[PDB]
Amino acid sequence: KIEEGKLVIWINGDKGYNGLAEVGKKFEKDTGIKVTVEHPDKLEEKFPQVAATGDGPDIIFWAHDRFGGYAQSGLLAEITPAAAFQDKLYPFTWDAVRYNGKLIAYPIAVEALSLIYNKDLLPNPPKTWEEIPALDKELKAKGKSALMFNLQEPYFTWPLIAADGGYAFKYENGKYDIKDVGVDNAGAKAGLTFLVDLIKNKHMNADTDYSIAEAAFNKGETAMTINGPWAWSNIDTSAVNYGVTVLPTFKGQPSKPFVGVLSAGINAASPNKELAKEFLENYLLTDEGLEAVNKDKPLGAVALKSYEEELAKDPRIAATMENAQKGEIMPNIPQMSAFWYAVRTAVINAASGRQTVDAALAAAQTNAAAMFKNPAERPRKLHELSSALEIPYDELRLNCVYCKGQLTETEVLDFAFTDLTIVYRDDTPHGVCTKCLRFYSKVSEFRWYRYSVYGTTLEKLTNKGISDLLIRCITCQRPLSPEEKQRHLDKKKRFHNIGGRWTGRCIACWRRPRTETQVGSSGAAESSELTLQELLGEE
Ligand SMILES: OC[C@H]1O[C@H](O[C@H]2[C@H](O)[C@@H](O)[C@@H](O)O[C@@H]2CO)[C@H](O)[C@@H](O)[C@@H]1O
Ligand SMILES: [Zn+2]
Ligand SMILES: [Zn+2]
């Protein structure tokens, strides 16, 4: 459910959202369409969750690596601009947004990590990585540190891991081989072991995240840090005499940062699909719109040929553009979400000592191709599970979350038609059988019944129409059709609130002929109620 005549924009909270709002306010002052820009927490995981249900924003902003898994799930609307529009951007920026030979987003700016050093504490920056442990002990005796950067996200650590030979998926003959993963080779191990050696020798702290590393550098407590173009203005507010230069070398090899291309996607369920096309083309992809976002938090090396040449002489942009040449462009295959999750748990568990470097990377090697390891992005509905597994519904082997018995063909169908969400235990998808579902639905009515109300009253108190409220069957949990909801209104039968959920009775459960028995099948102690709420969508 997305409004008409209105565009909602989502962007990362560190990419300068207030600058994009200025571009939107001029779009509303000229076109009359109120464009709202927001920045949700973890929008790269929250977007596919809410885009699958046809909801979400109209415009999604992120690097190109996540856009492949979106459009593959049918979440991104394809884009076909004009014959003269593709010419004002660099051609390699469109390559990063081309999935299955079709454009899926609007390329904006090219991102790449760089070294950020304090010129007062550190006159000349270190050229290599190995010369930092000795440099830290010099600053340690003065009360400061050498380096502090975000260790909780693998994007900042990847340049060191890819330095001696680590890679994501082998790229050859124009295709990425998801079978050949290079996160556990000698190059990857050497890069991560050197990072853990910095933690063991107490040169860095594994607890350091983006804010801690940023607050410690902007206060003057660390000599240098690793970040992107978005953090330049945050140091400009402080009086830190900083410098942006090339990344240090590891084993004499250049660091290989994963080059990110910030892109703009349009939700396939957005009614204003062409209203959002002319906005990005005529208001963001102009020289003034990019400057407003760059004044807030810098975008790096933008793709627009016009405005890029103006600030191409930037000593910070030149260093970012050089780090991008020695790195490599991020793949846009759908497996990138599972890859980043495997490396993130590999780096964190290796930094904290939860497991050795070999153990973390070996687990990451197998988890890079897995599907259910990432709890955020995971098949929630049955058709998503079958499409992800590439197996039909009758070949699925789903056990009940309660009794661990395998569902039959008809129960798998019932699970999908009832709009039940897949439940995961030990990273394994589960469903629910007919016996367990109708039992705990009645146990829930016996224990967590709150109140009942007429459908006419329910509208006036939620100030929403009855066909917009999700009402499930009190006995079989099937979502009531608009015709079944109108059934309660005409017959003057109240709806029932069980545990905060509103329920009614569908066509099949309206009578329940006498020949049937009351439900008694099962194959504080409220844990069954929490499991049921997972099956219905965690409120
Ligand atoms: O760390 C995994 C993460 O890496 C990148 O995320 C970057 C984002 O791309 C950068 O532009 C910047 O925002 O920092 C993020 C790291 O926290 C990839 O862009 C993203 O696909 C991936 O999840
Ligand atoms: Zn069961
Ligand atoms: Zn029913």
# chains A, B, ... in the order shown; residues from 1 in each chain; ligands from 1

call {"tool": "residues_near_ligand", "arguments": {"ligand": "ligand 3", "cutoff": "7 Å", "atoms": "only C-alpha atoms and all ligand atoms", "output": "list in words"}}
result
residues 473, 474, 475, 476, 477, 478, 505, 506, 507, 508 and 509 of chain A

call {"tool": "residues_around", "arguments": {"residues": "residue A:503", "least_positions_apart": "2", "cutoff": "12 Å", "atoms": "only C-alpha atoms", "output": "PyMOL selection string"}}
result
chain A and resi 441-442+444-445+449-455+458+469-480+484-485+488+493-501+505-506

call {"tool": "residues_near_ligand", "arguments": {"ligand": "ligand 2", "cutoff": "12 Å", "atoms": "only C-alpha atoms and all ligand atoms", "output": "PDB file with N, CA, C and O atoms, in the first residue's frame"}}
result
ATOM      1  N   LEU A 398       8.643 -29.911   4.452  1.00  0.00           N
ATOM      2  CA  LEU A 398       8.482 -28.980   5.562  1.00  0.00           C
ATOM      3  C   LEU A 398       7.919 -29.721   6.765  1.00  0.00           C
ATOM      4  O   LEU A 398       6.860 -30.351   6.671  1.00  0.00           O
ATOM      5  N   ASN A 399       8.619 -29.635   7.891  1.00  0.00           N
ATOM      6  CA  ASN A 399       8.140 -30.205   9.140  1.00  0.00           C
ATOM      7  C   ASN A 399       7.346 -29.168   9.924  1.00  0.00           C
ATOM      8  O   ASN A 399       7.564 -27.960   9.796  1.00  0.00           O
ATOM      9  N   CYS A 400       6.408 -29.653  10.732  1.00  0.00           N
ATOM     10  CA  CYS A 400       5.633 -28.771  11.590  1.00  0.00           C
ATOM     11  C   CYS A 400       6.514 -28.196  12.691  1.00  0.00           C
ATOM     12  O   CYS A 400       7.337 -28.899  13.282  1.00  0.00           O
ATOM     13  N   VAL A 401       6.341 -26.901  12.967  1.00  0.00           N
ATOM     14  CA  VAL A 401       7.134 -26.261  14.009  1.00  0.00           C
ATOM     15  C   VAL A 401       6.799 -26.816  15.388  1.00  0.00           C
ATOM     16  O   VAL A 401       7.641 -26.771  16.293  1.00  0.00           O
ATOM     17  N   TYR A 402       5.598 -27.368  15.569  1.00  0.00           N
ATOM     18  CA  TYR A 402       5.173 -27.884  16.866  1.00  0.00           C
ATOM     19  C   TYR A 402       5.503 -29.366  17.032  1.00  0.00           C
ATOM     20  O   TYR A 402       6.186 -29.752  17.985  1.00  0.00           O
ATOM     21  N   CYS A 403       5.020 -30.207  16.118  1.00  0.00           N
ATOM     22  CA  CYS A 403       5.141 -31.653  16.256  1.00  0.00           C
ATOM     23  C   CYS A 403       6.256 -32.255  15.408  1.00  0.00           C
ATOM     24  O   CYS A 403       6.460 -33.472  15.458  1.00  0.00           O
ATOM     25  N   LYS A 404       6.969 -31.443  14.630  1.00  0.00           N
ATOM     26  CA  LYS A 404       8.086 -31.858  13.783  1.00  0.00           C
ATOM     27  C   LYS A 404       7.699 -32.911  12.749  1.00  0.00           C
ATOM     28  O   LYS A 404       8.584 -33.564  12.180  1.00  0.00           O
ATOM     29  N   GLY A 405       6.408 -33.092  12.482  1.00  0.00           N
ATOM     30  CA  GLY A 405       5.971 -33.998  11.434  1.00  0.00           C
ATOM     31  C   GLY A 405       5.921 -33.284  10.092  1.00  0.00           C
ATOM     32  O   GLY A 405       5.580 -32.105  10.012  1.00  0.00           O
ATOM     33  N   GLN A 406       6.261 -34.018   9.035  1.00  0.00           N
ATOM     34  CA  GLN A 406       6.306 -33.421   7.707  1.00  0.00           C
ATOM     35  C   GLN A 406       4.901 -33.135   7.190  1.00  0.00           C
ATOM     36  O   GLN A 406       3.993 -33.961   7.315  1.00  0.00           O
ATOM     37  N   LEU A 407       4.724 -31.952   6.607  1.00  0.00           N
ATOM     38  CA  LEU A 407       3.433 -31.583   6.050  1.00  0.00           C
ATOM     39  C   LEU A 407       3.144 -32.383   4.785  1.00  0.00           C
ATOM     40  O   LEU A 407       4.048 -32.746   4.028  1.00  0.00           O
ATOM     41  N   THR A 408       1.862 -32.662   4.564  1.00  0.00           N
ATOM     42  CA  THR A 408       1.429 -33.290   3.328  1.00  0.00           C
ATOM     43  C   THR A 408       1.277 -32.236   2.232  1.00  0.00           C
ATOM     44  O   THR A 408       1.422 -31.034   2.466  1.00  0.00           O
ATOM     45  N   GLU A 411      -1.494 -29.897   3.127  1.00  0.00           N
ATOM     46  CA  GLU A 411      -1.127 -28.991   4.209  1.00  0.00           C
ATOM     47  C   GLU A 411      -0.164 -27.913   3.733  1.00  0.00           C
ATOM     48  O   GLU A 411      -0.217 -26.778   4.222  1.00  0.00           O
ATOM     49  N   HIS A 430      10.470 -24.195   8.753  1.00  0.00           N
ATOM     50  CA  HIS A 430       9.393 -25.028   9.266  1.00  0.00           C
ATOM     51  C   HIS A 430       8.050 -24.419   8.894  1.00  0.00           C
ATOM     52  O   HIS A 430       7.939 -23.221   8.617  1.00  0.00           O
ATOM     53  N   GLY A 431       7.025 -25.266   8.897  1.00  0.00           N
ATOM     54  CA  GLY A 431       5.662 -24.817   8.705  1.00  0.00           C
ATOM     55  C   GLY A 431       4.796 -25.176   9.893  1.00  0.00           C
ATOM     56  O   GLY A 431       5.228 -25.049  11.042  1.00  0.00           O
ATOM     57  N   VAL A 432       3.574 -25.632   9.631  1.00  0.00           N
ATOM     58  CA  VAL A 432       2.674 -26.082  10.686  1.00  0.00           C
ATOM     59  C   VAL A 432       1.625 -26.982  10.051  1.00  0.00           C
ATOM     60  O   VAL A 432       1.132 -26.706   8.954  1.00  0.00           O
ATOM     61  N   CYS A 433       1.301 -28.071  10.736  1.00  0.00           N
ATOM     62  CA  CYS A 433       0.303 -29.007  10.244  1.00  0.00           C
ATOM     63  C   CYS A 433      -1.096 -28.564  10.658  1.00  0.00           C
ATOM     64  O   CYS A 433      -1.274 -27.702  11.523  1.00  0.00           O
ATOM     65  N   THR A 434      -2.098 -29.177  10.023  1.00  0.00           N
ATOM     66  CA  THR A 434      -3.483 -28.784  10.268  1.00  0.00           C
ATOM     67  C   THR A 434      -3.889 -29.047  11.714  1.00  0.00           C
ATOM     68  O   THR A 434      -4.609 -28.243  12.320  1.00  0.00           O
ATOM     69  N   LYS A 435      -3.434 -30.163  12.286  1.00  0.00           N
ATOM     70  CA  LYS A 435      -3.783 -30.486  13.666  1.00  0.00           C
ATOM     71  C   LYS A 435      -3.206 -29.457  14.630  1.00  0.00           C
ATOM     72  O   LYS A 435      -3.918 -28.929  15.494  1.00  0.00           O
ATOM     73  N   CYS A 436      -1.915 -29.154  14.495  1.00  0.00           N
ATOM     74  CA  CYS A 436      -1.278 -28.225  15.420  1.00  0.00           C
ATOM     75  C   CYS A 436      -1.825 -26.811  15.258  1.00  0.00           C
ATOM     76  O   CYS A 436      -1.979 -26.085  16.245  1.00  0.00           O
ATOM     77  N   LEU A 437      -2.138 -26.408  14.025  1.00  0.00           N
ATOM     78  CA  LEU A 437      -2.615 -25.048  13.792  1.00  0.00           C
ATOM     79  C   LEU A 437      -3.958 -24.807  14.471  1.00  0.00           C
ATOM     80  O   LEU A 437      -4.113 -23.858  15.249  1.00  0.00           O
ATOM     81  N   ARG A 438      -4.946 -25.660  14.189  1.00  0.00           N
ATOM     82  CA  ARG A 438      -6.282 -25.454  14.734  1.00  0.00           C
ATOM     83  C   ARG A 438      -6.340 -25.677  16.237  1.00  0.00           C
ATOM     84  O   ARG A 438      -7.250 -25.162  16.895  1.00  0.00           O
ATOM     85  N   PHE A 439      -5.386 -26.422  16.798  1.00  0.00           N
ATOM     86  CA  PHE A 439      -5.362 -26.636  18.240  1.00  0.00           C
ATOM     87  C   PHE A 439      -4.895 -25.387  18.971  1.00  0.00           C
ATOM     88  O   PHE A 439      -5.608 -24.846  19.823  1.00  0.00           O
ATOM     89  N   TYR A 440      -3.688 -24.919  18.650  1.00  0.00           N
ATOM     90  CA  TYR A 440      -3.136 -23.759  19.332  1.00  0.00           C
ATOM     91  C   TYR A 440      -3.876 -22.477  18.980  1.00  0.00           C
ATOM     92  O   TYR A 440      -3.791 -21.502  19.732  1.00  0.00           O
ATOM     93  N   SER A 521      -6.581 -32.132  19.192  1.00  0.00           N
ATOM     94  CA  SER A 521      -5.401 -32.762  18.618  1.00  0.00           C
ATOM     95  C   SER A 521      -4.160 -31.917  18.871  1.00  0.00           C
ATOM     96  O   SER A 521      -4.213 -30.690  18.807  1.00  0.00           O
ATOM     97  N   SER A 522      -3.040 -32.576  19.150  1.00  0.00           N
ATOM     98  CA  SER A 522      -1.786 -31.874  19.413  1.00  0.00           C
ATOM     99  C   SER A 522      -0.610 -32.709  18.909  1.00  0.00           C
ATOM    100  O   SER A 522       0.290 -33.085  19.656  1.00  0.00           O
ATOM    101  N   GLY A 523      -0.596 -33.000  17.613  1.00  0.00           N
ATOM    102  CA  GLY A 523       0.487 -33.762  17.023  1.00  0.00           C
ATOM    103  C   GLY A 523       0.229 -34.164  15.586  1.00  0.00           C
ATOM    104  O   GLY A 523       0.843 -35.102  15.080  1.00  0.00           O
ATOM    105  N   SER A 528       3.928 -21.794  23.221  1.00  0.00           N
ATOM    106  CA  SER A 528       3.167 -22.102  22.018  1.00  0.00           C
ATOM    107  C   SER A 528       2.494 -20.860  21.444  1.00  0.00           C
ATOM    108  O   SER A 528       2.308 -20.767  20.225  1.00  0.00           O
ATOM    109  N   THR A 531       5.053 -19.009  19.372  1.00  0.00           N
ATOM    110  CA  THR A 531       5.296 -19.699  18.110  1.00  0.00           C
ATOM    111  C   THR A 531       4.162 -19.450  17.123  1.00  0.00           C
ATOM    112  O   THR A 531       4.403 -19.279  15.921  1.00  0.00           O
ATOM    113  N   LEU A 532       2.921 -19.417  17.614  1.00  0.00           N
ATOM    114  CA  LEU A 532       1.787 -19.126  16.743  1.00  0.00           C
ATOM    115  C   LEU A 532       1.893 -17.728  16.148  1.00  0.00           C
ATOM    116  O   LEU A 532       1.617 -17.530  14.959  1.00  0.00           O
TER     117      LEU A 532
END

call {"tool": "residues_around", "arguments": {"residues": "stretch 64-68 of chain A", "least_positions_apart": "3", "cutoff": "6 Å", "atoms": "only C-alpha atoms", "output": "list in words"}}
result
residues 71, 97, 261, 263, 330, 331, 332, 333 and 334 of chain A

call {"tool": "write_last_selection", "arguments": {"atoms": "N, CA, C and O atoms", "output": "mmCIF file, in the first residue's frame"}}
result
data_model
loop_
_atom_site.group_PDB
_atom_site.id
_atom_site.type_symbol
_atom_site.label_atom_id
_atom_site.label_comp_id
_atom_site.auth_asym_id
_atom_site.auth_seq_id
_atom_site.Cartn_x
_atom_site.Cartn_y
_atom_site.Cartn_z
ATOM 1 N N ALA A 71 15.662 -7.212 -7.764
ATOM 2 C CA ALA A 71 14.941 -7.424 -9.014
ATOM 3 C C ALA A 71 14.765 -8.905 -9.321
ATOM 4 O O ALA A 71 13.795 -9.289 -9.984
ATOM 5 N N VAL A 97 24.539 -1.626 -12.799
ATOM 6 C CA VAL A 97 23.104 -1.661 -12.555
ATOM 7 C C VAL A 97 22.376 -2.473 -13.626
ATOM 8 O O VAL A 97 21.160 -2.359 -13.770
ATOM 9 N N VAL A 261 28.680 1.369 -6.190
ATOM 10 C CA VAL A 261 28.013 2.355 -7.032
ATOM 11 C C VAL A 261 26.637 2.603 -6.432
ATOM 12 O O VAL A 261 25.751 1.743 -6.518
ATOM 13 N N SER A 263 23.033 3.512 -6.198
ATOM 14 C CA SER A 263 22.020 3.436 -7.238
ATOM 15 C C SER A 263 20.653 3.788 -6.665
ATOM 16 O O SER A 263 20.441 3.782 -5.450
ATOM 17 N N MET A 330 31.857 -4.283 -7.238
ATOM 18 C CA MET A 330 31.097 -5.298 -6.525
ATOM 19 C C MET A 330 30.185 -6.053 -7.491
ATOM 20 O O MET A 330 29.589 -5.448 -8.387
ATOM 21 N N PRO A 331 30.067 -7.370 -7.342
ATOM 22 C CA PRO A 331 29.094 -8.115 -8.145
ATOM 23 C C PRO A 331 27.673 -7.760 -7.742
ATOM 24 O O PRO A 331 27.404 -7.368 -6.604
ATOM 25 N N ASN A 332 26.756 -7.894 -8.700
ATOM 26 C CA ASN A 332 25.338 -7.664 -8.454
ATOM 27 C C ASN A 332 24.530 -8.956 -8.502
ATOM 28 O O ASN A 332 23.327 -8.922 -8.780
ATOM 29 N N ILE A 333 25.167 -10.095 -8.249
ATOM 30 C CA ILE A 333 24.464 -11.374 -8.219
ATOM 31 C C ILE A 333 23.649 -11.443 -6.932
ATOM 32 O O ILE A 333 24.005 -10.789 -5.941
ATOM 33 N N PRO A 334 22.551 -12.203 -6.898
ATOM 34 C CA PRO A 334 21.731 -12.249 -5.675
ATOM 35 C C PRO A 334 22.446 -12.838 -4.471
ATOM 36 O O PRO A 334 22.017 -12.592 -3.335
#

call {"tool": "atom_distance", "arguments": {"atom1": "atom CA of residue A:83", "atom2": "atom CA of residue A:8"}}
result
27.0 Å

call {"tool": "select_by_dssp", "arguments": {"residues": "stretch 243-337 of chain A", "states": "strand (DSSP E)", "output": "MDAnalysis selection string"}}
result
chainID A and resid 243:245 258:266 301:302 328:329

call {"tool": "residues_near_ligand", "arguments": {"ligand": "ligand 1", "cutoff": "9 Å", "atoms": "only C-alpha atoms and all ligand atoms", "output": "ChimeraX atom specification"}}
result
/A:12-15,44-45,62-67,111-113,150,152-158,210,227-228,230,258-262,330,336-337,339-341,343-344

call {"tool": "write_last_selection", "arguments": {"atoms": "N, CA and C atoms", "output": "CSV table (one decimal), in the first residue's frame"}}
result
chain,number,residue,atom,x,y,z
A,12,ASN,N,20.5,5.6,3.1
A,12,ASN,CA,21.2,5.2,4.3
A,12,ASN,C,21.5,6.5,5.1
A,13,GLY,N,21.4,6.3,6.5
A,13,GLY,CA,21.5,7.5,7.4
A,13,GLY,C,22.8,8.2,7.3
A,14,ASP,N,23.8,7.7,6.8
A,14,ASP,CA,25.1,8.3,6.7
A,14,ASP,C,25.5,8.9,5.3
A,15,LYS,N,24.5,8.9,4.4
A,15,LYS,CA,24.7,9.3,3.0
A,15,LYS,C,24.2,10.7,2.8
A,44,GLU,N,18.8,-1.8,4.0
A,44,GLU,CA,19.1,-2.9,3.0
A,44,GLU,C,18.5,-4.2,3.4
A,45,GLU,N,18.1,-4.4,4.6
A,45,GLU,CA,17.4,-5.6,5.1
A,45,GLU,C,15.9,-5.4,5.2
A,62,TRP,N,20.8,2.5,-2.5
A,62,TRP,CA,21.8,1.7,-2.0
A,62,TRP,C,22.9,1.4,-3.1
A,63,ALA,N,24.0,0.8,-2.7
A,63,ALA,CA,25.0,0.4,-3.6
A,63,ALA,C,24.4,-0.7,-4.5
A,64,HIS,N,25.0,-0.9,-5.7
A,64,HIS,CA,24.5,-1.8,-6.7
A,64,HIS,C,24.5,-3.2,-6.4
A,65,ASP,N,25.3,-3.6,-5.4
A,65,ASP,CA,25.4,-5.1,-5.1
A,65,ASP,C,24.2,-5.7,-4.6
A,66,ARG,N,23.3,-4.9,-3.9
A,66,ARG,CA,22.1,-5.4,-3.4
A,66,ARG,C,20.9,-5.4,-4.4
A,67,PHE,N,21.0,-4.6,-5.4
A,67,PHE,CA,19.9,-4.5,-6.4
A,67,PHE,C,19.7,-5.7,-7.2
A,111,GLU,N,31.5,4.9,-5.1
A,111,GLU,CA,32.1,4.9,-3.8
A,111,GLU,C,33.3,4.0,-3.7
A,112,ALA,N,34.3,4.4,-2.8
A,112,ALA,CA,35.5,3.6,-2.6
A,112,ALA,C,36.1,4.1,-1.3
A,113,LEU,N,36.6,3.1,-0.5
A,113,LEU,CA,37.2,3.5,0.7
A,113,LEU,C,38.6,4.2,0.5
A,150,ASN,N,35.8,0.9,11.6
A,150,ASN,CA,34.6,0.1,11.9
A,150,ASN,C,34.9,-1.4,11.6
A,152,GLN,N,32.7,-3.8,12.7
A,152,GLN,CA,31.5,-4.6,12.8
A,152,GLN,C,30.9,-4.9,11.4
A,153,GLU,N,31.3,-4.1,10.4
A,153,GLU,CA,30.9,-4.3,9.0
A,153,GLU,C,32.0,-4.8,8.2
A,154,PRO,N,31.9,-5.8,7.4
A,154,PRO,CA,33.0,-6.3,6.6
A,154,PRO,C,33.4,-5.5,5.4
A,155,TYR,N,32.6,-4.5,5.1
A,155,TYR,CA,32.9,-3.6,4.0
A,155,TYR,C,34.2,-2.8,4.2
A,156,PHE,N,34.5,-2.4,5.5
A,156,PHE,CA,35.7,-1.7,5.8
A,156,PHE,C,36.9,-2.6,5.9
A,157,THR,N,36.7,-3.9,6.2
A,157,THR,CA,37.8,-4.8,6.4
A,157,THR,C,38.2,-5.5,5.1
A,158,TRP,N,37.3,-5.5,4.1
A,158,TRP,CA,37.6,-6.2,2.9
A,158,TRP,C,38.8,-5.8,2.1
A,210,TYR,N,31.4,1.9,13.8
A,210,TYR,CA,31.5,3.1,13.0
A,210,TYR,C,31.5,4.4,13.8
A,227,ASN,N,37.5,5.2,6.1
A,227,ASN,CA,36.1,5.5,5.9
A,227,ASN,C,35.9,5.9,4.4
A,228,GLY,N,34.7,6.3,4.1
A,228,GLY,CA,34.4,6.7,2.7
A,228,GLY,C,34.2,8.2,2.6
A,230,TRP,N,31.5,9.9,2.6
A,230,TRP,CA,30.4,10.4,3.4
A,230,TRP,C,30.9,11.0,4.7
A,258,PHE,N,36.1,-3.1,-2.3
A,258,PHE,CA,35.0,-3.4,-3.1
A,258,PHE,C,34.3,-2.1,-3.6
A,259,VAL,N,34.4,-1.8,-4.9
A,259,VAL,CA,33.9,-0.5,-5.4
A,259,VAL,C,32.4,-0.5,-5.4
A,260,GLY,N,31.8,0.4,-4.7
A,260,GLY,CA,30.3,0.5,-4.6
A,260,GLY,C,29.8,1.6,-5.5
A,261,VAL,N,28.7,1.4,-6.2
A,261,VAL,CA,28.0,2.4,-7.0
A,261,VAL,C,26.6,2.6,-6.4
A,262,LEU,N,26.5,3.8,-5.8
A,262,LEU,CA,25.2,4.1,-5.2
A,262,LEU,C,24.1,4.3,-6.3
A,330,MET,N,31.9,-4.3,-7.2
A,330,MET,CA,31.1,-5.3,-6.5
A,330,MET,C,30.2,-6.1,-7.5
A,336,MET,N,25.1,-11.9,-3.1
A,336,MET,CA,25.9,-11.0,-2.4
A,336,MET,C,25.4,-10.8,-1.0
A,337,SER,N,24.1,-10.9,-0.7
A,337,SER,CA,23.6,-10.7,0.6
A,337,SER,C,24.1,-11.8,1.5
A,339,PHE,N,26.8,-13.6,1.0
A,339,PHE,CA,28.2,-13.4,1.1
A,339,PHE,C,28.6,-12.4,2.2
A,340,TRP,N,28.0,-11.2,2.2
A,340,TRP,CA,28.3,-10.2,3.2
A,340,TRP,C,28.0,-10.7,4.6
A,341,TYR,N,27.0,-11.5,4.7
A,341,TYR,CA,26.6,-12.0,6.0
A,341,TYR,C,27.6,-13.1,6.5
A,343,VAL,N,30.8,-13.2,5.7
A,343,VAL,CA,32.1,-12.5,6.0
A,343,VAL,C,31.9,-11.7,7.3
A,344,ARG,N,30.8,-11.1,7.5
A,344,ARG,CA,30.5,-10.3,8.6
A,344,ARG,C,30.7,-11.1,9.9

call {"tool": "residues_around", "arguments": {"residues": "residue A:308", "least_positions_apart": "4", "cutoff": "12 Å", "atoms": "only C-alpha atoms", "output": "ChimeraX atom specification"}}
result
/A:88-90,108-110,285-288,290-291,294,299-304,312-314,317-318,321

call {"tool": "residues_around", "arguments": {"residues": "residue A:537", "least_positions_apart": "4", "cutoff": "8 Å", "atoms": "only C-alpha atoms", "output": "VMD selection string"}}
result
chain A and resid 420 to 421 533

call {"tool": "residues_around", "arguments": {"residues": "residue A:272", "least_positions_apart": "6", "cutoff": "12 Å", "atoms": "only C-alpha atoms", "output": "list in words"}}
result
residues 2, 3, 4, 5, 6, 7, 8, 33, 35, 57, 58, 59, 77, 266, 278 and 279 of chain A

call {"tool": "decode", "arguments": {"residues": "stretch 46-59 of chain A", "atoms": "N, CA and C atoms", "output": "tab-separated table (two decimals), in the first residue's frame"}}
result
chain	number	residue	atom	x	y	z
A	46	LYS	N	15.51	-4.12	5.50
A	46	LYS	CA	14.10	-3.79	5.66
A	46	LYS	C	13.39	-3.57	4.33
A	47	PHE	N	14.13	-3.23	3.26
A	47	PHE	CA	13.47	-3.01	1.97
A	47	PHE	C	12.92	-4.29	1.37
A	48	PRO	N	13.70	-5.37	1.19
A	48	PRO	CA	13.11	-6.58	0.60
A	48	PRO	C	12.04	-7.22	1.46
A	49	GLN	N	12.10	-7.02	2.78
A	49	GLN	CA	11.06	-7.54	3.66
A	49	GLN	C	9.71	-6.91	3.35
A	50	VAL	N	9.68	-5.59	3.14
A	50	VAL	CA	8.43	-4.88	2.91
A	50	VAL	C	8.13	-4.67	1.43
A	51	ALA	N	9.11	-4.85	0.55
A	51	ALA	CA	8.81	-4.79	-0.88
A	51	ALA	C	8.14	-6.07	-1.37
A	52	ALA	N	8.38	-7.19	-0.68
A	52	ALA	CA	7.76	-8.45	-1.08
A	52	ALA	C	6.25	-8.42	-0.89
A	53	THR	N	5.76	-7.65	0.08
A	53	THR	CA	4.33	-7.50	0.31
A	53	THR	C	3.74	-6.32	-0.46
A	54	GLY	N	4.44	-5.82	-1.48
A	54	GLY	CA	3.95	-4.71	-2.26
A	54	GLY	C	4.00	-3.37	-1.57
A	55	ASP	N	4.59	-3.29	-0.39
A	55	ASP	CA	4.68	-2.05	0.37
A	55	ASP	C	6.09	-1.46	0.20
A	56	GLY	N	6.45	-0.51	1.05
A	56	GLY	CA	7.76	0.10	1.00
A	56	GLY	C	7.75	1.45	0.32
A	57	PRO	N	8.92	2.03	0.15
A	57	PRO	CA	9.03	3.36	-0.46
A	57	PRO	C	8.89	3.28	-1.98
A	58	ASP	N	8.91	4.45	-2.61
A	58	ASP	CA	8.90	4.55	-4.06
A	58	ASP	C	10.30	4.50	-4.65
A	59	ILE	N	11.28	5.07	-3.96
A	59	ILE	CA	12.67	5.10	-4.41
A	59	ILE	C	13.53	4.50	-3.31
